[PDB]
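>>> can you look at this? It's an experimental structure, sequence on top.
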Amino acid sequence: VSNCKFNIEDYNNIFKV
Amino acid sequence: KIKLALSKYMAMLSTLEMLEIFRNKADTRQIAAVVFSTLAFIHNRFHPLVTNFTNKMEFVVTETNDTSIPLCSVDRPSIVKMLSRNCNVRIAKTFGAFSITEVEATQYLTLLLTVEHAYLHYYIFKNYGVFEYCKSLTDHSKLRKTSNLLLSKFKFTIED
Amino acid sequence: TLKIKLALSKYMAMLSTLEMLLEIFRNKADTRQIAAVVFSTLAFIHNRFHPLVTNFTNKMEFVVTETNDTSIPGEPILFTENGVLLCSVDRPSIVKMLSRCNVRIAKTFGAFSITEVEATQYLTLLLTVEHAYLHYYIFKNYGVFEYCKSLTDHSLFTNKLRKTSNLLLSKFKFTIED
Amino acid sequence: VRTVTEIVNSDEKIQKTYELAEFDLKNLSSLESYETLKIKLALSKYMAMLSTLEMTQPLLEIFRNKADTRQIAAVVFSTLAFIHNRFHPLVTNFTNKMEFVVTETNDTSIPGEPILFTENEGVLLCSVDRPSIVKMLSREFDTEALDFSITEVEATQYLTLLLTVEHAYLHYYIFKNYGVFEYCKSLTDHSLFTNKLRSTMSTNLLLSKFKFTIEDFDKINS
């Protein structure tokens, strides 16, 4: 929606234990 | 012990005595109080030896997507969109002779995951500071206290 | 061979002591007769597989089913215990079951009754009930779950004789090929 | 396929070959009989359900009726939710809110899909073209070619309306699970339902019980 590049790796860091 | 944490938090919520509320825009006091209780509970969990938490911290609610993330601020619209969004034993026994829904469990779990992300961020703000808070926001790169968190119990990945 | 038909003769002598066979199965009302014959056959098979032990459980819960939804493909007899060993007897399926060289040269030089079909009938009945008794033995001497496993995979009791010399299953072999 | 049984002690062997064709025939007969039975059972349950929707007046005029739209909306919800339960046996309840709009003309009757759904930004709306479906059910039927009072023709009517609501429900499922963009391309191309449903439903369908074609279809396309 925000026309924003997404970071798969940042999300993984959010969900990488 | 995971369902133990789930039931403990749900009992604490029932003590608070509360999807419908999230869409209930005007219920700002309720939202602030519940997130306050949740942050205190998470502080209790991650810090079993430190239970005291900020008993009066400011709150605010956002309502527009331009005020949405793709004093505590909350992205009400997105979270509302979310909330609206063994064989052998049983065969052997086949010859041996206030309710909560599963989707509600999913909703509560998503709420908890979002809130624990927000509280991790808040803790970063408090200890490391505001700048390294922004750094954590830009970079989210667990177990070091953290064992008291259900997030470390499951892992989610991505692939193209 | 002689011992084989001797086992059959003893079984049919016991059944004549009961004094009653396919029309009995087809008879749906006489579930009592089906249960009585099943118990007598199971007791006799217990007597055979245990030649020294004549006692067999004489009081068990019985029931005769009539649907293939109460029928296990390949397991006509079911021992489900509800404690009491409730026994299911699928009547239509058993009715279907029952309704289906140099010596010769020397012979060339040499020069109340029953039929062959009835003989195969009674052999099928005795084989079914001895498979039932083997399963019952697994249940009693191993447990309910060991019973169920014996049902799922029959490799458990392929050893047989270790007592099974008097059971007809060990006396004959049949194979299947694609 | 052949099986051999022979005397272990003697070279004598009595080999009997077993023919897979007879077994396949028996399985096919049992399956077709069971399919007939279960479809008849589902249909009977559906007629019982609409009976427990409390309308004495019969379905055909339950549609012909112009003023009566409360019962129209109720029965449409009942059919769509019954289909939902059929594909989702666990589910016995649908969304809290629903709305229905009664289209009654050609300019509001989209061809091929008299029944459709689009949101009003708060809830999804069941567009329904009563004239089209009424004329659909008004057609005389070949109930001849190859103590509640029901008729074979009424059975055709029930099968009809069920298939209509079923296709509308497939489109609605595309809507819900893939956005209006997928909704509209699935409407534009029903071959996409294969891809969408092999993912979800195959993991079946009453219409899959039969294969249907159109006579001379090849030359009609020409």
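Thanks, I have the structure now. Numbering: from 1, shown residues only, chains lettered A, B, ... in the order given.
>>> whichever residue of chain A sits closest to chain D: what's it in contact with?
Scanning chain A for the residue nearest chain D gives residue A:1, at 13.4 Å (criterion: C-beta to the nearest C-beta). All C-beta spots, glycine's among them, are computed from the backbone N, C-alpha and C. For residue A:1, the contact set (C-beta atoms under 8 Å, 6 or more residues apart in numbering or on different chains) comprises B:65, B:70.
>>> and with 10 Å instead?
B:65, B:68, B:70, B:78 (C-beta atoms under 10 Å, 6 or more residues apart in numbering or on different chains).
>>> not including adjacent chain positions, what is the nearest residue to residue B:76?
residue B:61 (5.4 Å; C-beta to C-beta, 6 or more residues apart in numbering or on different chains).
>>> residues contacting residue B:68?
A:1-2, B:62, B:74-79.
>>> quick one: buried ones out of those residues?
B:74-79 (16 or more other C-beta atoms under 10 Å in any protein chain shown).
>>> one step back: for the residue nearest to residue B:76, what are its contacts?
Residue B:61 neighbours (C-beta under 10 Å, 6+ apart): B:25-28, B:31-32, B:67, B:72-76.
>>> and the residues you listed, which are buried?
By neighbour count, with 16+ other C-beta under 10 Å, the contacts of residue B:61 hold B:27, B:31-32, B:72, B:74-76 as buried.
>>> what about those residues, which are in helices?
Among these, the members falling in helices (DSSP state H) are B:31-32, B:76.
>>> and the residues you listed, which is closest to chain D?
Nearest to chain D out of these is residue B:76 (C-beta to the nearest C-beta; 16.8 Å).
>>> make JSON lines out of the buried ones among the contacts of residue B:68 and add distance to residue B:97.
Below are the buried ones among the contacts of residue B:68 laid out as JSON lines (distance: C-beta to C-beta, whole Å):
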{"residue": "B:74", "distance to residue B:97": "52"}
{"residue": "B:75", "distance to residue B:97": "52"}
{"residue": "B:76", "distance to residue B:97": "51"}
{"residue": "B:77", "distance to residue B:97": "52"}
{"residue": "B:78", "distance to residue B:97": "49"}
{"residue": "B:79", "distance to residue B:97": "46"}
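>>> tell me which element the closest residue to residue B:132 other than its chain neighbours falls in.
Leaving aside its chain neighbours, residue B:132 sits nearest to residue B:124 (6.4 Å; criterion: C-beta to C-beta, 6+ apart). In this structure, residue B:124 sits in helix B:102-127 according to DSSP states H and E.
>>> helices and strands around that helix, which ones?
Other helices and strands packing on helix B:102-127, by 3 or more C-beta pairs under 10 Å, 6 or more residues apart in numbering or on different chains; DSSP states H and E, are helix A:8-14, helix B:2-16, helix B:28-46, helix B:76-84, helix B:130-138.
>>> next, format the ones you listed as TSV and append distance to residue B:96.
Output for those, formatted as TSV (distance: least, C-beta to C-beta, whole Å):
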stretch	distance to residue B:96
helix A:8-14	46
helix B:2-16	26
helix B:28-46	41
helix B:76-84	42
helix B:130-138	54
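>>> which one of those lies nearest to residue B:111?
Closest to residue B:111 of these is helix B:76-84 (C-beta to C-beta; 7.5 Å).
>>> the helix or strand that comes right after the closest one near chain D at all?
Next helix or strand after helix B:76-84 toward the C-terminus (DSSP H and E): helix B:87-94. No: Helix B:87-94 does not reach chain D (C-beta under 10 Å from any C-beta of the partner chain); its nearest approach is 17.4 Å.
>>> buried residues of helix B:87-94, list them for me.
So, applying 16+ other C-beta under 10 Å, buried residues of helix B:87-94: residue B:92.
>>> for stretch B:49-67, same thing?
B:59, B:61.
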